[PDB]
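A.B. asks: Chains as they are written, first to last, in the entry's author numbering: chain A, 1 to 532; chain B, 1 to 532; chain M, 1 to 532.
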Amino acid sequence: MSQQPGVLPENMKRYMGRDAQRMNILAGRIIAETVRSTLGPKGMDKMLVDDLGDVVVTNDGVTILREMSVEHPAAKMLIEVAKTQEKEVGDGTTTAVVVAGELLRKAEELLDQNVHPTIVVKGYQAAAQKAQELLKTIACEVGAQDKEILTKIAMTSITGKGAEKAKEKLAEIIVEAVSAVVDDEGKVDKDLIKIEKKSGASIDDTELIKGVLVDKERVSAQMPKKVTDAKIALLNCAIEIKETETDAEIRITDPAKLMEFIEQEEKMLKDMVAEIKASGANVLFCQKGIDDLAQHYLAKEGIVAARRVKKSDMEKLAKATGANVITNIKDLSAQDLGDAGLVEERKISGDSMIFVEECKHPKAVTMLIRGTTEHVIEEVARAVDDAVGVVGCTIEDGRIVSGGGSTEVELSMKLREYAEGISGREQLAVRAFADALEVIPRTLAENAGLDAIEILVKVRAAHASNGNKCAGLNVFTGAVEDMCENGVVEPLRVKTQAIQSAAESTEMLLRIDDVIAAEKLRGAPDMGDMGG
Amino acid sequence: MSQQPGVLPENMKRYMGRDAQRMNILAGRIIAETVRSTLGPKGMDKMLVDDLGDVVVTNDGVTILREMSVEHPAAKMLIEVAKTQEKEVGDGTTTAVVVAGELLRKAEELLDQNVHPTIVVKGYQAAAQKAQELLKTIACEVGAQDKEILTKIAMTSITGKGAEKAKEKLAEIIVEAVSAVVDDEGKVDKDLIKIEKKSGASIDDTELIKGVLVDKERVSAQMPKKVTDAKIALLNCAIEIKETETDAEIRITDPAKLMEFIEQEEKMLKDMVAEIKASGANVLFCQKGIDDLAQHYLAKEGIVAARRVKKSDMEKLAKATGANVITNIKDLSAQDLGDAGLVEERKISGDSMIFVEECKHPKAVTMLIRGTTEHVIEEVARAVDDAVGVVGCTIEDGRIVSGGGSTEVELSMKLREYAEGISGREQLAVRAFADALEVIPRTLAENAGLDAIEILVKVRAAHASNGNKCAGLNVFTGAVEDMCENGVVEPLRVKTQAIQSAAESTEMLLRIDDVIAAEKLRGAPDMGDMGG
Amino acid sequence: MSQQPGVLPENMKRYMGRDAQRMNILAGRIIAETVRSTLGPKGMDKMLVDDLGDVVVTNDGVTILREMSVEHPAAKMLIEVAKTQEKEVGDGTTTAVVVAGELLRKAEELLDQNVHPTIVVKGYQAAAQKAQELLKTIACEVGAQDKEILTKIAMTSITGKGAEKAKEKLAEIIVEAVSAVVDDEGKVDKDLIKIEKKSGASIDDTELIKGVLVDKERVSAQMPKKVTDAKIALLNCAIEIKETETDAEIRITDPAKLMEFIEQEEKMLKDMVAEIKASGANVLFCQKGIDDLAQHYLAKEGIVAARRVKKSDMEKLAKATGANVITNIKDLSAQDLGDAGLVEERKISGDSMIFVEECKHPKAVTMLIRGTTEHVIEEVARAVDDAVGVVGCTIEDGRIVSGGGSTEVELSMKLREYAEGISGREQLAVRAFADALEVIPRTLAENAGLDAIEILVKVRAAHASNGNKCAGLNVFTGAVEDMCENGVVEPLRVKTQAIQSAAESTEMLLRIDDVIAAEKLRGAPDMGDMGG
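1) Among M/7, M/491, M/23 and M/11, which one has its Cα closest to the Cα of residue 516 of chain M?
2) Looking at the C-beta of residue 456 of chain M, does it have a partner C-beta in chain A at a distance below 8 angstroms?
3) Do we get a CB-CB distance below 8 angstroms when we pair residue 37 of chain B with the residues of chain A?
4) What does the alpha-carbon distance come out to for the pair residue 136 of chain M and residue 459 of chain A?
5) Straight-line CA distance for residue 247 of chain A to residue 267 of chain A?
6) Tell me which residues of the stretch 425–454 of chain M have at least one Cβ-Cβ distance to chain A shorter than 8 angstroms, keeping chain order.
7) Residues of chain B with CB closer than 9 angstroms to the CB of residue 308 of chain A, please, in chain order.
8) Cα separation between residue 345 of chain A and residue 355 of chain A?
9) Would you say residue 390 of chain M touches the ligand FAD, meaning its beta carbon is less than 7 angstroms from a heavy atom?
10) Under a three-way DSSP split, which group does residue 400 of chain A fall into?
11) For residue 440 of chain M, report the span of its alpha helix (DSSP H) as first-last.
12) Can you give the Cα-Cα distance for residue 176 of chain M and residue 518 of chain M, rounded to whole angstroms?
13) Considering only the beta carbon of each residue, do residue 576 of chain M and residue 405 of chain M sit closer than 8 angstroms?
14) Around the C-beta of residue 482 of chain B, are 16 or more other C-beta atoms found within 10 angstroms, so that it is buried, or is it exposed?
15) Taking beta-carbon pairs under 9 angstroms, can you tell me which members of the stretch 511–523 of chain A lie near chain B?
16) Secondary structure at residue 92 of chain M, three-state DSSP: helix, strand or coil?
17) At what residue ranges does the stretch 445–531 of chain M contain a whole run of the alpha helix (DSSP H), taking only runs of 4 or more?
18) Would the stretch 129–145 of chain A count as touching the stretch 23–36 of chain A if we require 3 or more Cβ pairs under 8 angstroms?
19) Quick one: Cα of residue 533 of chain B to Cα of residue 367 of chain B, how far?
20) Counting contacts by CB-CB distance shorter than 8 angstroms, is residue 241 of chain A in contact with chain B?
21) In terms of residues, what are the limits of the alpha helix (DSSP H) holding residue 234 of chain B?
22) Please name the residue in B/334, B/55 and B/445 whose C-alpha comes closest to that of residue 456 of chain B.
23) May I have the straight-line CA-CA distance separating residue 141 of chain M from residue 401 of chain M, to the nearest angstrom?
24) Is residue 285 of chain A helix, strand or coil when you go by DSSP?
25) Looking at the C-beta of residue 2 of chain B, does it have a partner C-beta in chain A at a distance below 8 angstroms?
26) Check whether the Cβ atoms of residue 119 of chain B and residue 424 of chain B lie closer than 8 angstroms to each other.
27) What does the alpha-carbon distance come out to for the pair residue 298 of chain B and residue 226 of chain A?
28) Mapping the DSSP letters down to three states, classify residue 227 of chain B as helix, strand or coil.
29) I'd like the span of the alpha helix (DSSP H) that includes residue 56 of chain M, first residue to last.
30) Within 8 angstroms (strictly less), CB to CB, does residue 382 of chain A reach chain D?
31) Mind checking residue 9 of chain A: buried by the 16 CB within 10 Å criterion, or exposed?
32) Count Cβ pairs between the stretch 235–243 of chain M and the stretch 367–387 of chain M that sit closer than 8 angstroms; are there 3 or more?
33) For residue 531 of chain M, collect the residues of the same chain with a Cβ closer than 7 angstroms to its Cβ; drop the 5 residues on either side in sequence, then sort them by chain order.
34) DSSP three-state call for residue 414 of chain A: helix, strand or coil?
35) Please classify residue 180 of chain B as buried or exposed, where buried requires at least 16 other C-beta atoms within 10 Å of its C-beta.
36) Select from B/428, B/122, B/429 and B/473 the residue whose C-alpha is nearest the C-alpha of residue 450 of chain B.
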């Protein structure tokens, strides 16, 4: 952890390559170590700064990568490996970026003085083919059989580690996920749960926003503050014929008798607003909704009025589910299915209070509540969604296996065992790598007594056909056995990719022991290089 | 590899010429050596940099030439030799630029102290005339006879060397090429396969996009997300008479009764959209397609709506093959031949999902899939197209001969043998050159044991009438014989030009041992020179 | 450990005082923490630097204080507390400077917001009066009864911690100390053992230099290299009447017959050298000993010749013990008692070989040998003398008590127990301090499992009348009981002063919560202050 900000020298690149890979390793190793420090289950506090700003976080890889802009043409290159795994999000991903970013060390050294990494590549991919193999239950103990609600609590156990409730915030965020799982489109489900928490006086326990938040606004001023039970209406954008389309080129040539034309236009919108009231719906929602004159009419006929630009609310409204496919200009009578009539609990916390009525229908619902205040909540608020979203992707079929709890430590003994097959070169850097896949679940260990490997022999005991699980950090050092929350992950899948991102990136990260460049500008401002 | 960035001195040129050619040789030799390092079958990693940017690559000449902007008025001059060969693309081209860029050394020295290279020119061209001669089968072993699918796998063996699948990504990319070969226009075939890979969650094995991708868009918001089996429609650009053409100069002079004119215009587009629906086609595609009012009508009558600027998609659509030659303004009923009705598998990966139905017809189809993520994929994605495209050009007759696998090493012994003809000067720099054409296939060798020439005597054994093939780098050192993938190239043609680009450029690269210039500005900013 | 080199600001002092004491505490605490890190039994490596120099060390306080020249007018002030205790040297002293430098923290806070430390002073001194009390055996277990050779090995167990021989270098250095103890003048004993180690080829086990090294020189060139058994002689400085005393003012006025005066003068010294040989002694030692002419005579009559300035060797010679009280000018026959005749083992290692014969007499002998090479030896060489010297001072009567091994942890429980006496203010910062004297023996602990206090409850068990001892750091965590080398110190005395240096310095270190100065120059170069 020296050489502050990539030591800040070597301004715009040059020089020779065979010491540069060792340089690439140095650059990749340092950023991998700083992240490793309290990341994943270690997870806690990583302090941030900048010139006037804030980014407190824990267990998040995208956030750490959001930063340290460049510092060497090696750090940026491997930000993407985390980024590639970031697609199909999670937090256990970057912890896996650490496992990949580590063995490459015993691998870069490896056969010290050999130009052919071409052997090591055959190995990592082989470990991945073994990965698809271990995807099929290798755990045996938990297997896949357990209540799904269990796997749900498991994600709540991890949360974002820095979780306020070291326990059951669980099924709160989960029921909304249990609803979200019914949608199962792969993304529209994470779109409904989307948005907030907090926005309430004080802190404490609150959650769900049951069936519909869908809007953000105290709703424009007339009396949104009043009129409880406004009713079912679902007009999502009234616009007026403000005497504009026109531009005419020339219009209203003759003087005097304009006393009609002025009154008639206000009249034209008053009739269209009276007919919309005929629906007996009343509530108005609208981005471009200002119709001031026939708004006062709408005030009499439609509880209140609203005024501006939230489109995501309309898509969120498509989730409110009031059939709002067709809404252009005039006359549509058939659709109005959005919930019941009870609306807007007024003035708590501040600014705006908005959540719609509920006439039961499971999905396409929102998810946000008072919970806790902004900064302390920002982190617990998001991590729990990552908890609700990642589980949502894997909950579907195609997978069965207990994760974590060193299920990996011996998955790797199998990898070391396959080394029995004499040829993948000889060294079986595939196996030598396996050794690391065995050392990493231990890097996770963090501490317990002091350092480690004391507990590794402990894991070796009882797995021949027994199975791995339970290794924990809480005061009680759990060798193996039940409800230590094992490896919370089952959805164990993420390892499938956590294993792959390694083999692909780590290979082209190496074998690249040439030049390291003396690059001419493609970006700016650059020109010439200095060193020779 | 010294003198960083052309040593960065000699700002704007001057001085005397007879040491300058040696200077041109130095400049051409250095850039040729840096590229030679792990290029072609050596192929692996060449590290890049710049001021904020990325260009990872392997086996590509255009990319290396994209860079090192100038560094001497000699480097730029010979970037074009690679560039000239780059037309009719490939990767084996720049490896051939290395063979040409090498002997010129034993040739610049050659008859040390002779002003007449005029002899050497007669030689290189003679080697080229021999090139058209060896185009006719000299291999004998493979000859031309073998399954064409074999030559296809051969290209997949090379790929871009840094290939993830050191094997059968083959016929996947090939069937699309087998279709592409039916088109055989020389370029429109490479236009169909054109575009992407990735754009999917995770990585792994996927390919083809069978008959039609043709579009890029989630298709504008109404409900492109829904309506599976939207149907055959092929409207590729609906525009509206937005009351504009006009400008009038003056229009709509009189007031009041405009209640008709406003309603009538919206009416004018509603009838034209209702008639287009009569086609019972429904799906809409359009660059300049926004018709908001009669779009809501189109929403009711045409599943969804789209909105902006992708022209290449229309040419890609000409490949979808829905007869879209005529599409201006109004009323055309006869054409609608584009595939079936099944469309858009929604929301995977992210942003947009778009691939059209399939009612069988071989060509004019797309080629892109999830494959792997952006940076790791960018390179494997492109190299495989270069694999699909270069093979496509040569496959159409006029050629028969096994390539690579040192078929060249002895092609050159023939060149050394012709040296029997006493006069082309005497030295037969044509032959002395041949010697290099013999040394280069060895420069390819890369290493095996250590250095080389150990295996050259190995190639000499068994070729008098036996034939050359099989020299490989994988652990098993193959002297000659079958399925070592021989010289994957047959299409052997590329050598025809790889041989020519040399003779032309290398001659005017030399004989240019004068001035080296003291140039006055033609570009900017330059003026005066400093050195005397 | 921030604010590099006293943060390097506040150039020449100024400002207000009540935040300055907290500033003094900060300055004293930081230097006390950096030293605490691996000092005393923790003891190992503290890295040094400078502009071209070396100072590797361990367990030494004077060395750390030799450095960090100033950094605040607080650091320098308390360098002396270590320095005051440095008189009557040892290494356990600065470890005790850490114990004193620590509680002042719970004491500076203490009664948070009280101007009267006058209470705390009554306490520290009271702890010291208790110190003279615990000097009388409180241990009980070892008491004082054990072989003195045991206490000797104890010091060899500590050595300087970084000891090569984690064991019996003991009685080697000790026999010389057993001899040194017979002298017992309080300092002349440490003067005999004084000087070196190393100065031999290679490394390994060697020691003692038995009875006499006393000189350093290959002895001037004639043949010191030869003549084994040179014999007993002890002339320690022959000077010649080089025709000088004179200056005359005028002399030798007349010419020619000077053939006598020249020969007669050389004659004058030849007779005085012939008479000195009559002693049948032969060996010559001399600072100002060059007598070139009657040196050739001395060469014939006295094995060899010597030539320059080592006075400490003469005092070391007074220890060789050849009666050399009177040695001016001429004729003294009575004295010659220095050992036997065997001298100088020639040419090993390099430069000079010199150690005199041995005709038995216990003390006034030297102590240096080949041992190990310079830098690795410098540290082990000195620490072992500190081992031989500190034990030498305390071995005399007036003391009896087992030291270390937490004998202190409960000595302090007694201090906490005396807190029973209700008044020394109330808080009994004397007791609150005791608490720290209890926490410090634990700061010593270093680690064992992790952190500490886990073993403190372990010490509490079995001391009511049982006694404390054995707490160790080696793999076997020893709660209490025998041969863990207990607290090696008995000579337990050093604590007597280690306890006192605290009470005196810590008091005037505090109560000094005013000004902190805005000083005008007394040193240089200074003038004016900047801040207001």
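C-beta atoms are modelled at their ideal positions from N, C-alpha and C, and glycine is treated no differently.
C.D. replies: So, from the data block:
1) M/23
2) no
3) yes
4) 53 angstroms
5) 21 angstroms
6) 447, 449 and 450
7) The premise fails here: residue 308 of chain A is roughly 19 angstroms from chain B at the closest Cβ pair, so nothing lies under 9 angstroms.
8) 8 angstroms
9) The model on display carries no ligand, and the ligand FAD is accordingly not part of it.
10) strand
11) 429–444
12) 54 angstroms
13) Residue 576 of chain M falls outside the range modelled here, since chain M spans only 1 to 532, and no answer is possible.
14) exposed
15) 511, 512, 513, 514, 515, 516, 517, 518, 519, 520, 521, 522 and 523
16) helix
17) 456–460 and 495–509
18) no
19) Because chain B here runs from 1 to 532, residue 533 of chain B falls outside it and cannot be looked at.
20) yes
21) From DSSP, residue 234 of chain B is part of no alpha helix (DSSP H); its letter is neither H nor E.
22) B/445
23) 9 angstroms
24) strand
25) yes
26) yes
27) 39 angstroms
28) coil
29) Note, residue 56 of chain M: premise wrong, no alpha helix (DSSP H); not H, not E.
30) No chain D appears in this structure, whose protein chains are A, B and M.
31) exposed
32) no
33) 14 and 15
34) helix
35) buried
36) B/473
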